[PDB]
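A.B. asks: Pasting a structure below so you can have a look.
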Amino acid sequence: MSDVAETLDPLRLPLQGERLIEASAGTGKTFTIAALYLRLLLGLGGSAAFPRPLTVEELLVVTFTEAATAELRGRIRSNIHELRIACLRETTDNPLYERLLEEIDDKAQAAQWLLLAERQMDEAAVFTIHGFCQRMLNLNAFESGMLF
Amino acid sequence: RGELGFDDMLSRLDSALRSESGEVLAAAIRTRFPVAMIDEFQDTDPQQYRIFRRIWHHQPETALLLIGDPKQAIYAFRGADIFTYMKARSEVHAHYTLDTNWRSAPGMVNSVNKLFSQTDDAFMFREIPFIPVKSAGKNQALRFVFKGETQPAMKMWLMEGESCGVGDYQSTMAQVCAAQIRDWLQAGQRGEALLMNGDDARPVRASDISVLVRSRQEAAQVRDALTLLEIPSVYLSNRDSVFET
Amino acid sequence: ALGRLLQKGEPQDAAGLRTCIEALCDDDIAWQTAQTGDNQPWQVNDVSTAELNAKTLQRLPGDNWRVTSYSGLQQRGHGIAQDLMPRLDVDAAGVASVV
Amino acid sequence: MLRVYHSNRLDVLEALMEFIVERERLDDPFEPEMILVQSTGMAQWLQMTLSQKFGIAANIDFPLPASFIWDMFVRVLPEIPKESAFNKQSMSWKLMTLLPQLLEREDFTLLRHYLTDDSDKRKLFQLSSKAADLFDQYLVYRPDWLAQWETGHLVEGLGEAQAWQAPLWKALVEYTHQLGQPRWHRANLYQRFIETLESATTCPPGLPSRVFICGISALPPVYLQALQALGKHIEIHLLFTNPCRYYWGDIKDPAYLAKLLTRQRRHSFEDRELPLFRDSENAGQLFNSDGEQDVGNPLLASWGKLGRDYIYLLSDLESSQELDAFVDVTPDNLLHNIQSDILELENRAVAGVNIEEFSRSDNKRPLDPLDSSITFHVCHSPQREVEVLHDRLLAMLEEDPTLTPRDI
Amino acid sequence: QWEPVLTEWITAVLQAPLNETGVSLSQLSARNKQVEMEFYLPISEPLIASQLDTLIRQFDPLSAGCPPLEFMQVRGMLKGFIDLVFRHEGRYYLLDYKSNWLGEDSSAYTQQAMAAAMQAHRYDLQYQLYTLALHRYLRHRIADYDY
Amino acid sequence: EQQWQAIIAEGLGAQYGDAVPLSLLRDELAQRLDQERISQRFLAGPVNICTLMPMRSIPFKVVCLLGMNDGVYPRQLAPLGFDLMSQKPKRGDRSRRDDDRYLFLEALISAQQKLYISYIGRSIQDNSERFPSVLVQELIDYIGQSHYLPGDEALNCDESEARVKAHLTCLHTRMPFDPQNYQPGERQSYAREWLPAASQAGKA
Ligand SMILES: [Ca+2]
């Protein structure tokens, strides 16, 4: 907070409204996004968790490149697929997923929420600023004044 | 004509969140997407930011993660506004930073930190403060050797004389740069230029050199001095079309 | 930019530069003077053994199965005609004049 | 009777149909053989296949469900116009003459200013169309909402816009009366159809003798009801191609479960049905009171959503007479395995849940480095991607003869 | 302004005597017509333009105007539309409406000229094909039918 | 003329009073002309190339799917959003997503001999990496997890699974004249035309 930002610990970052994360050059912006994504899907965290567990069609992620969303989307269908397997096995011997596992309270359930999310990916709310825009526009065409 | 450009897309979305009929809309959205992660945020602009706070700002039951880096906002010419990033920075109070720099050598990390640590407000906009970073352990062993011992992570090549015009500092610099490249490149065929991680080593190939440049012209100036040493090159940012070939 | 970090802001002599560089400078940061050079080579060779060939197929054309329709007759022009309108009065064709 | 044939492959279904046609001679006075079909391809495949195992195909009508259901309406009920007056397109024009008036009603405020700020009828006509479109849909899924809005009533539990659609529809209906056109829709006419058919237990008025429904994997609930009612005077062979021989759908009450634990006959022999006695209905099968928690195969599991629904709707019928015709699929190819896994409603995936499972790998199926059914291909661009296929087709044509290219 | 000429044209053509004996389209109720029938004839054993020429010649005085065999070998299927097939109490027919050419007047629609055009467009081929179709179709529909 | 006629007729039917501007008609014609699909050769002069159509599942010895890319295959389009039916769904309801995902199944199910699957692996410019259609991911993920290559009989779930995936995925070359297509084995090209180039057998 306040003066000179706090060294963001992904796993304990409060997923409740307005957070500015500065990711210097070569710092893991991508690994972090991912983690956060998983945290939100499984409503993990603690007092730093989000009120409820969200769905793939509810996690809005906007990127700038067409290539960015693609990559991002590709990267996330993977962490899901993995955090999920490491949830059936209840064991992971690779960083992120272990700490996450520690945070989970019913591996059996995660694995089903995750499996759904994996299946949904062809619709993850991962868009470009423009994509996000023509979508919000087109849906609420009456407010926007858009043509269909 | 019945059309839409890109600027219009997010423009009409701004005017929509500002029309009177703007609450039904903000709420609509807020419900579909309770939490949103905006990446590369340093590159937004008034229109976007406004779209984003109007929908997510001070709104319980939602979360707005804005991730990016003001030190890398280089899209001025397109429309990207470093100031609307600085404002947003004023309005949100929770700040965070990633402290470690996976990806690079410790000397590299050290000399960059050193360089940008000199004066205060290196990026000369107090709102864009520069905080150093630590290098990762998995990379403590990286080091580059050339014809003998470890070369330093950052080397300044410095022309002589008192004056110096833009034209000279180019002819001369491109020259120097191509030279140091074959010097690397052929010392690499012989095994004396090694990219090493502790006790592992591989020779430097052409696929490891890279020349950053500011424009189509500079690039040529380089390609030329390089071509003059028989060293084949590619300008990855080339925009020409196949139609004027 | 680079000039501003090196000369900490204040403008310098052409020699005041040299001295600022030297100032921040050990193993990690180092400088040398623009040592020009020449030696047209990038003394690298090649070697190559193009041991190639292409699969040739030993099956043959033979027979063709098709769906025809009294088009075995009516020469083309009807290309895409019978396609766009399956029931066009294909038997007609032409213009009409001073009649 | 409304007979329903389930099968692993269109061939067998075509076959049965091929049969039914040879058996009851069918009359002969220029009466069309009839086949619901929902794509020209199917109609193409059918005419060809049929001209082969008969030497010629000549009448066959290939109506789209919607089109047929309404043809019978005109046959079974008294005085019904050919072509309803609420067909999607004309409704579009009518709505364009109404909406302008209807505006400024607080009811339609939203459409009110959407329609102002500029136009030359562009927005007006687009709205009149998307609206015409929804109505067209509601008239098939949600028919009751219309009888309801027509009178001035709302339906509890809908989003807004019901706010303008209900009024709007009512407007269209009256208006279409003032123009003097046949009040008759599809929603105000289906119940009546079922009734006058479900009763009038005497005989078939003037409809066709038999009717086929080929290669269609979904029909709207009402459409099925009307089909059933219809199949109590008419012979209706609905050929559904199913990817599994067991029931892989969802279930309602614990009471409906055993009402499905029925049995389908072979079109030609004894009887069959889902495996494992009870355990099955128990186990997980119908866990979440909702779906079949397991659905054996994880592929059928995620892709078949459209099919589970239709599967579920067919087995909720009564006048129905479902029967099996599934052919088997011996597991010799990678392709063949997978198809079998799906036909059997089995899962062969190994997650490796315990070191036991996870360590050996010989529990999976042995591949065969020489197997090329199911192959993957990554390329740099459409062009390349197509060149690459032109080769592979050549190779596979080369490999086994018998492969003529209509087969690809 | 074409209505006068056309309505007067339609009836004429309705009330004409196709086969003298009763005939006249106007005597055909719905139940006795089938419009635009569509047939598919499988044709195995390539159909060589030559081999079809020989017999077409033998049996048809028209196709005696021999330029034929203008196509090339084809195994496969044979699509086709029949403008109208109607029946006249025992007896099925093949009708083909042919709007055709602007050959000035009357002088061009007489039993020869027609027979002429018939060969120009080798329509004779159409008959034979079409009836082989109607033949097969009737044989398949009418249990115990004779050509 | 047909489309144009049908359009106007349909208006006349509904007895449209007011006058209509050309744009209204020109636009409808345009749309109508863009939905009209030509597929009259769908099964004669062989090798059918087309899109995946709903309600047209026919058995074929060979079945190949191209450009099955993320963002390209399960084809999309969000309901109007003022579509009451879409928010409160029911068993009969249809959607492109379901139709489209069900077509990918019907494909698997109808191929009698070989299923060919293809996608684009990376744009030939920014050289950034592509991604396949989640539907294709699911297909090789379930293969891998239920098969193992004769060699690898005692190694690992994850280990054997990768090899099977790597064995069935066949990365192809950027240019048709890259030598790898003319070595021996898995799809050497039948296109001699590029042989010389491949073998640097040219004359400057
Ligand atoms: Ca004709």
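Ligands are numbered from 1 in the order shown, chains are lettered A, B, ... in the order of the structure tokens, and residues start at 1 in each chain.
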When you look at residue 108 of chain A with a cut-off of 7 Å (counting only C-alpha atoms), what residues show up, excluding the ones that are within fewer than 4 positions of it in the same chain? I need them as a count of residues only.

C.D. replies: 3

A.B. asks: List every residue of chain C that has an atom at most 7 Å from any atom of chain B, giving for each one its closest atom pair and the distance in Å to one decimal, counting only C-alpha atoms, sorted by chain and then by ascending residue number, as a tab-separated table.

C.D. replies:
```
residue	atom	partner	partner_atom	distance
C:5	CA	B:118	CA	6.7
C:8	CA	B:119	CA	6.0
C:14	CA	B:162	CA	4.9
C:27	CA	B:152	CA	5.3
C:28	CA	B:152	CA	4.6
C:29	CA	B:154	CA	4.9
C:30	CA	B:155	CA	4.8
C:31	CA	B:156	CA	4.3
C:32	CA	B:157	CA	5.1
C:33	CA	B:158	CA	4.4
C:34	CA	B:159	CA	4.8
C:35	CA	B:176	CA	6.5
C:36	CA	B:176	CA	5.0
C:37	CA	B:179	CA	5.8
C:38	CA	B:179	CA	6.9
C:40	CA	B:229	CA	4.5
C:41	CA	B:229	CA	5.6
C:42	CA	B:182	CA	5.9
C:43	CA	B:186	CA	6.9
```

A.B. asks: Could the residues that lie within 12 Å of ligand 1, counting only C-alpha atoms and all ligand atoms, be listed as a list in words?

C.D. replies: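 Answer in the requested format: residues 87, 88, 89, 90, 91 and 92 of chain C; 35, 36, 80, 81, 82, 83, 84, 94, 95, 96, 97, 98, 99, 100, 123, 126, 127 and 130 of chain E.
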
A.B. asks: Export, as a PDB file, in the first residue's frame, the selected residues with C-alpha atoms.

C.D. replies:
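Output saved as result34.pdb:
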```
ATOM      1  CA  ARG C  87     -33.696 -25.779 -62.027  1.00  0.00           C
ATOM      2  CA  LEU C  88     -32.827 -22.893 -64.390  1.00  0.00           C
ATOM      3  CA  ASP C  89     -34.368 -23.354 -67.881  1.00  0.00           C
ATOM      4  CA  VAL C  90     -30.925 -24.560 -68.977  1.00  0.00           C
ATOM      5  CA  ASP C  91     -32.297 -25.355 -72.451  1.00  0.00           C
ATOM      6  CA  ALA C  92     -32.560 -21.610 -73.370  1.00  0.00           C
TER       7      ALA C  92
ATOM      8  CA  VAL E  35     -44.770 -32.102 -61.003  1.00  0.00           C
ATOM      9  CA  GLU E  36     -40.957 -31.930 -61.070  1.00  0.00           C
ATOM     10  CA  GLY E  80     -32.741 -35.644 -63.641  1.00  0.00           C
ATOM     11  CA  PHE E  81     -35.966 -33.602 -63.360  1.00  0.00           C
ATOM     12  CA  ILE E  82     -39.211 -34.453 -65.160  1.00  0.00           C
ATOM     13  CA  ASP E  83     -41.326 -31.286 -65.841  1.00  0.00           C
ATOM     14  CA  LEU E  84     -44.539 -33.351 -65.462  1.00  0.00           C
ATOM     15  CA  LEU E  94     -43.733 -37.750 -69.615  1.00  0.00           C
ATOM     16  CA  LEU E  95     -44.282 -34.113 -70.309  1.00  0.00           C
ATOM     17  CA  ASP E  96     -41.504 -31.568 -70.937  1.00  0.00           C
ATOM     18  CA  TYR E  97     -42.410 -27.891 -71.268  1.00  0.00           C
ATOM     19  CA  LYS E  98     -39.788 -26.222 -73.438  1.00  0.00           C
ATOM     20  CA  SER E  99     -39.889 -22.449 -73.697  1.00  0.00           C
ATOM     21  CA  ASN E 100     -37.495 -22.090 -76.615  1.00  0.00           C
ATOM     22  CA  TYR E 123     -33.124 -33.821 -76.911  1.00  0.00           C
ATOM     23  CA  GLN E 126     -33.518 -36.821 -72.966  1.00  0.00           C
ATOM     24  CA  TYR E 127     -36.677 -38.836 -73.845  1.00  0.00           C
ATOM     25  CA  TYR E 130     -36.339 -39.793 -68.924  1.00  0.00           C
TER      26      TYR E 130
END
```

A.B. asks: Please identify which residues in segment 62-135 of chain F DSSP calls strand (DSSP E) from the backbone, and express them as a PyMOL selection string.

C.D. replies: chain F and resi 62-65+111-120

A.B. asks: Can you write out as a tab-separated table which residues of chain E fall within 8 Å of chain D, alongside each residue's closest atom pair and its distance in Å to one decimal, counting only C-alpha atoms and ordering rows by chain and ascending residue number?

C.D. replies:
```
residue	atom	partner	partner_atom	distance
E:31	CA	D:29	CA	7.6
E:32	CA	D:30	CA	7.6
E:33	CA	D:30	CA	7.4
E:34	CA	D:30	CA	6.2
E:37	CA	D:59	CA	6.0
E:38	CA	D:58	CA	5.3
E:39	CA	D:58	CA	4.4
E:40	CA	D:56	CA	5.4
E:41	CA	D:56	CA	5.1
E:42	CA	D:52	CA	6.0
E:77	CA	D:48	CA	7.8
E:133	CA	D:56	CA	7.5
E:136	CA	D:56	CA	6.6
E:137	CA	D:56	CA	6.4
E:140	CA	D:54	CA	7.8
E:141	CA	D:28	CA	5.3
E:142	CA	D:28	CA	5.8
E:143	CA	D:25	CA	7.4
```

A.B. asks: Could you list, as a list in words, the residues of chain C having an atom within 12 Å of chain F when counting only C-alpha atoms?

C.D. replies: residues 48, 49, 50, 51, 52, 53, 54, 55, 56, 57, 58, 63, 64, 65, 66, 67, 68, 69, 79, 80, 81, 82, 83, 84, 85, 86, 87 and 88 of chain C

A.B. asks: Create the file for the chosen residues now, containing N, CA and C atoms and written as a PDB file, in the first residue's frame.

C.D. replies:
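result-v4.pdb was written with the following content:
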```pdb
ATOM      1  N   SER C  48      27.711 -30.298 -47.001  1.00  0.00           N
ATOM      2  CA  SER C  48      26.339 -30.646 -47.355  1.00  0.00           C
ATOM      3  C   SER C  48      26.195 -31.959 -48.091  1.00  0.00           C
ATOM      4  N   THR C  49      25.224 -32.764 -47.675  1.00  0.00           N
ATOM      5  CA  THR C  49      24.970 -34.041 -48.340  1.00  0.00           C
ATOM      6  C   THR C  49      23.482 -34.224 -48.587  1.00  0.00           C
ATOM      7  N   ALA C  50      23.066 -33.709 -49.731  1.00  0.00           N
ATOM      8  CA  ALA C  50      21.677 -33.792 -50.160  1.00  0.00           C
ATOM      9  C   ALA C  50      21.285 -35.207 -50.645  1.00  0.00           C
ATOM     10  N   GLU C  51      21.093 -36.133 -49.695  1.00  0.00           N
ATOM     11  CA  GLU C  51      20.703 -37.510 -50.031  1.00  0.00           C
ATOM     12  C   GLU C  51      19.166 -37.631 -50.018  1.00  0.00           C
ATOM     13  N   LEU C  52      18.525 -37.103 -51.082  1.00  0.00           N
ATOM     14  CA  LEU C  52      17.056 -37.058 -51.201  1.00  0.00           C
ATOM     15  C   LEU C  52      16.407 -37.682 -52.406  1.00  0.00           C
ATOM     16  N   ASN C  53      15.104 -37.853 -52.284  1.00  0.00           N
ATOM     17  CA  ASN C  53      14.282 -38.425 -53.334  1.00  0.00           C
ATOM     18  C   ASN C  53      12.821 -38.266 -52.928  1.00  0.00           C
ATOM     19  N   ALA C  54      11.918 -38.444 -53.881  1.00  0.00           N
ATOM     20  CA  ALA C  54      10.504 -38.268 -53.602  1.00  0.00           C
ATOM     21  C   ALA C  54       9.626 -39.481 -53.879  1.00  0.00           C
ATOM     22  N   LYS C  55       8.686 -39.730 -52.967  1.00  0.00           N
ATOM     23  CA  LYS C  55       7.738 -40.847 -53.084  1.00  0.00           C
ATOM     24  C   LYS C  55       7.002 -40.790 -54.406  1.00  0.00           C
ATOM     25  N   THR C  56       7.035 -41.844 -55.188  1.00  0.00           N
ATOM     26  CA  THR C  56       6.259 -41.782 -56.417  1.00  0.00           C
ATOM     27  C   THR C  56       5.146 -42.796 -56.171  1.00  0.00           C
ATOM     28  N   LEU C  57       3.934 -42.499 -56.606  1.00  0.00           N
ATOM     29  CA  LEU C  57       2.869 -43.450 -56.359  1.00  0.00           C
ATOM     30  C   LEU C  57       2.721 -44.397 -57.517  1.00  0.00           C
ATOM     31  N   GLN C  58       2.412 -45.642 -57.169  1.00  0.00           N
ATOM     32  CA  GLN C  58       2.230 -46.689 -58.156  1.00  0.00           C
ATOM     33  C   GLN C  58       0.763 -47.090 -58.395  1.00  0.00           C
ATOM     34  N   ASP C  63     -10.560 -45.449 -63.557  1.00  0.00           N
ATOM     35  CA  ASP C  63     -11.975 -45.103 -63.701  1.00  0.00           C
ATOM     36  C   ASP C  63     -12.382 -43.894 -62.886  1.00  0.00           C
ATOM     37  N   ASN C  64     -13.435 -43.235 -63.345  1.00  0.00           N
ATOM     38  CA  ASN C  64     -13.957 -42.082 -62.649  1.00  0.00           C
ATOM     39  C   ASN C  64     -15.461 -42.291 -62.433  1.00  0.00           C
ATOM     40  N   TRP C  65     -15.864 -42.114 -61.186  1.00  0.00           N
ATOM     41  CA  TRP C  65     -17.250 -42.240 -60.816  1.00  0.00           C
ATOM     42  C   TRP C  65     -17.761 -40.809 -60.733  1.00  0.00           C
ATOM     43  N   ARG C  66     -18.920 -40.562 -61.331  1.00  0.00           N
ATOM     44  CA  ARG C  66     -19.507 -39.230 -61.312  1.00  0.00           C
ATOM     45  C   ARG C  66     -21.031 -39.271 -61.275  1.00  0.00           C
ATOM     46  N   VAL C  67     -21.623 -38.098 -61.133  1.00  0.00           N
ATOM     47  CA  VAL C  67     -23.064 -37.962 -61.117  1.00  0.00           C
ATOM     48  C   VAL C  67     -23.260 -37.017 -62.293  1.00  0.00           C
ATOM     49  N   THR C  68     -23.868 -37.523 -63.364  1.00  0.00           N
ATOM     50  CA  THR C  68     -24.127 -36.727 -64.571  1.00  0.00           C
ATOM     51  C   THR C  68     -25.631 -36.633 -64.808  1.00  0.00           C
ATOM     52  N   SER C  69     -26.045 -35.970 -65.887  1.00  0.00           N
ATOM     53  CA  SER C  69     -27.474 -35.793 -66.063  1.00  0.00           C
ATOM     54  C   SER C  69     -27.968 -35.251 -67.383  1.00  0.00           C
ATOM     55  N   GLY C  79     -21.230 -24.147 -66.587  1.00  0.00           N
ATOM     56  CA  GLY C  79     -20.332 -24.322 -65.465  1.00  0.00           C
ATOM     57  C   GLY C  79     -20.881 -23.396 -64.409  1.00  0.00           C
ATOM     58  N   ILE C  80     -21.162 -23.937 -63.231  1.00  0.00           N
ATOM     59  CA  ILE C  80     -21.714 -23.151 -62.135  1.00  0.00           C
ATOM     60  C   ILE C  80     -23.174 -22.726 -62.428  1.00  0.00           C
ATOM     61  N   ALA C  81     -23.679 -23.016 -63.626  1.00  0.00           N
ATOM     62  CA  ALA C  81     -25.053 -22.637 -63.965  1.00  0.00           C
ATOM     63  C   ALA C  81     -26.000 -23.585 -63.290  1.00  0.00           C
ATOM     64  N   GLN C  82     -25.769 -24.871 -63.514  1.00  0.00           N
ATOM     65  CA  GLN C  82     -26.585 -25.934 -62.937  1.00  0.00           C
ATOM     66  C   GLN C  82     -26.372 -25.974 -61.411  1.00  0.00           C
ATOM     67  N   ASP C  83     -25.320 -25.276 -60.981  1.00  0.00           N
ATOM     68  CA  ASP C  83     -24.885 -25.194 -59.584  1.00  0.00           C
ATOM     69  C   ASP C  83     -25.620 -24.145 -58.764  1.00  0.00           C
ATOM     70  N   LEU C  84     -25.714 -22.921 -59.291  1.00  0.00           N
ATOM     71  CA  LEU C  84     -26.393 -21.800 -58.623  1.00  0.00           C
ATOM     72  C   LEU C  84     -27.932 -21.882 -58.627  1.00  0.00           C
ATOM     73  N   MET C  85     -28.476 -22.408 -59.713  1.00  0.00           N
ATOM     74  CA  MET C  85     -29.904 -22.562 -59.866  1.00  0.00           C
ATOM     75  C   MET C  85     -30.047 -23.971 -60.387  1.00  0.00           C
ATOM     76  N   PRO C  86     -30.426 -24.916 -59.518  1.00  0.00           N
ATOM     77  CA  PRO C  86     -30.566 -26.299 -59.980  1.00  0.00           C
ATOM     78  C   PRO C  86     -31.625 -26.506 -61.052  1.00  0.00           C
ATOM     79  N   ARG C  87     -32.617 -25.629 -61.073  1.00  0.00           N
ATOM     80  CA  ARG C  87     -33.696 -25.779 -62.027  1.00  0.00           C
ATOM     81  C   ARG C  87     -33.887 -24.651 -63.037  1.00  0.00           C
ATOM     82  N   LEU C  88     -32.800 -23.981 -63.402  1.00  0.00           N
ATOM     83  CA  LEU C  88     -32.827 -22.893 -64.390  1.00  0.00           C
ATOM     84  C   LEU C  88     -33.239 -23.511 -65.743  1.00  0.00           C
TER      85      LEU C  88
END
```

A.B. asks: Residues within 6 Å of segment 233-237 of chain D, please, as a PyMOL selection string. Count only C-alpha atoms; anything in the same chain fewer than 5 positions from it doesn't count.

C.D. replies: chain D and resi 1-3+204+209-212

A.B. asks: Might you pull out every residue within 10 Å of segment 135-142 of chain B, with only C-alpha atoms counted and same-chain residues fewer than 4 positions away left off, and present them as a VMD selection string?

C.D. replies: (chain A and resid 26 to 27) or (chain B and resid 99 to 110 195 to 201)

A.B. asks: Going by DSSP on the backbone, which bits of chain E are helix (DSSP H, G or I)? Write them as an MDAnalysis selection string, please.

C.D. replies: chainID E and resid 3:14 25:27 30:32 49:59 106:108 111:120 124:141

A.B. asks: Taking 6 positions as the minimum chain separation for residues in the same chain, which residues sit within 6 Å of segment 63-66 of chain D when counting only C-alpha atoms? Answer as a list in words.

C.D. replies: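 So the residues in contact are residues 36, 37 and 38 of chain D.
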
A.B. asks: Can you spit out the residues from that selection as a PDB file, in the first residue's frame, using C-alpha atoms?

C.D. replies:
```pdb
ATOM      1  CA  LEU D  36     -37.772 -35.252 -42.782  1.00  0.00           C
ATOM      2  CA  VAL D  37     -34.171 -34.270 -43.310  1.00  0.00           C
ATOM      3  CA  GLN D  38     -32.534 -31.141 -42.062  1.00  0.00           C
TER       4      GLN D  38
END
```

A.B. asks: For chain C, work out the contacting residues on chain E at 8 Å, counting only C-alpha atoms, and write them as an NGL selection string.

C.D. replies: :E and (70-72 or 74-80 or 98-102 or 104 or 121-122 or 125-126)

A.B. asks: Just want the 8 Å neighbourhood of residue 15 of chain A, counted on only C-alpha atoms, with same-chain residues fewer than 3 positions away dropped. Output as an MDAnalysis selection string.

C.D. replies: (chainID A and resid 40 48:50) or (chainID B and resid 63 65)
